[PDB]
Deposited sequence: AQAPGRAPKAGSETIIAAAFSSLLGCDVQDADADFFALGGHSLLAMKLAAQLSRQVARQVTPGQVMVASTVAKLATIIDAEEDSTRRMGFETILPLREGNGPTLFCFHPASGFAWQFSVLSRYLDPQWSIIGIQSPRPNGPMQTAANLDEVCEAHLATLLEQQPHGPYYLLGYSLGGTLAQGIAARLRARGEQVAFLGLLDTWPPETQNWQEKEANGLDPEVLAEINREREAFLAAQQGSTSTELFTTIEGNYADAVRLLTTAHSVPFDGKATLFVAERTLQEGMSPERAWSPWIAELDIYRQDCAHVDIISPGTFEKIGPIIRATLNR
């Protein structure tokens, strides 16, 4: 179906794809559904950038996962594509059916949710909710409640009526659960609330930028990204560092609210605390809980590997 790469931009993009994924044959080839991810996109962007003498960003690849779409981004006035992939709304995939809204972790970016592309049926749109800088809610919020309220308003703009399907990872899980609670108070239906190894802040606050390891792994991808030789831009990681600091700040102001609905929790078994089971931690704030234990650590709960099992479970849960 579709066409084959056109002369110029599309051809240059397809060749780039081939080099990375190991195979582009048509203009409608999706970078992520085939196996790509944000890091492999950072390579593409830097590659094409040095190749066409233009600022190509990883963010552009995240929202234009197609040879066709990315080609259009490069062909268009580069003054209108500067913030692509860095805005509140992150269109990972547009479908002609329901929408799964995915909430960002402490980094404020929802790029990691691209892993869902290979699992959700075609009709589904996969829309990430982010917190850009400056002026994203994480930066301007005095407390986490303010961030939940801001994202709720964003969500209602994107889809004014339910039912709603929400997915959150870590901090995003906290936000998703708080948003679900608010939607229910509005008499709206929450058909799906997915939590990727999310815990009530109360089971953690009873205890500053920590762990340092959280800054280490951030530094890990720091090098991974620069591995493709950062080309004059550092907006990505300065944004991440800034949001991390605010996430830490906000989590101390975090208080859970009761959600009278069912949540689907994916637990990272390797980092579970002896004595605090997921069922016990969430009992006061989630009415019904379906738990799926994964053999991984917290950080890897959203990894493509872990998702070889989580992805199908989410698809199965959503189909009904």
Q. When the deposited sequence is counted from residue 1, which ranges lack any model?
A. 1-3, 27, 212-216
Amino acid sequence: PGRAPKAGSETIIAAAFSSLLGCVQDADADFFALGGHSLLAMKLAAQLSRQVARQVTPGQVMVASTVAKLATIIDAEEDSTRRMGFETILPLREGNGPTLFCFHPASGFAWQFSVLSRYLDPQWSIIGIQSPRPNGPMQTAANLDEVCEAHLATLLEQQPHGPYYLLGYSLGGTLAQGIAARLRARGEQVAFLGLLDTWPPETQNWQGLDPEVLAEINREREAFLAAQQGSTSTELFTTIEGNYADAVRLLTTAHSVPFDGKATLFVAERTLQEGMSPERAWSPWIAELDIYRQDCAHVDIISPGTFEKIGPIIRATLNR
From here on, numbers count along this sequence of modelled residues.
Q) Would 281-289 or 25-33 have the larger average of its C-alpha temperature factors, as given in the entry? A) 25-33
**Q.** 254-262 versus 267-275 - greater average Cα B-factor per the deposited record
**A.** 267-275
**Q.** Highest-ranked of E157, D75, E241, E202 once sorted by CA temperature factor in the record
**A.** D75
**Q.** Among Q60, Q294, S38, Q51 - the residue whose C-alpha B-factor is largest in the record
**A.** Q51
Q) When the modelled residues of the chain are sorted by Cα temperature factor, does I314 land in the lowest, middle or highest third? A) lowest
Q: Would you mind ranking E235 by its C-alpha B-factor against the rest of the chain and naming the third, lowest, middle or highest?
A: highest
Q.
Considering every modelled residue of the chain and its Cα B-factor in the PDB entry, is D246 in the lowest, middle or highest third?
A. lowest
Q) Taking the C-alpha B-factors as the PDB entry records them, is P134 in the lowest, middle or highest third of its chain? A) middle
Q: Check where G162 lands among this chain's C-alpha B-factors and tell me if it's the lowest, middle or highest third.
A: middle
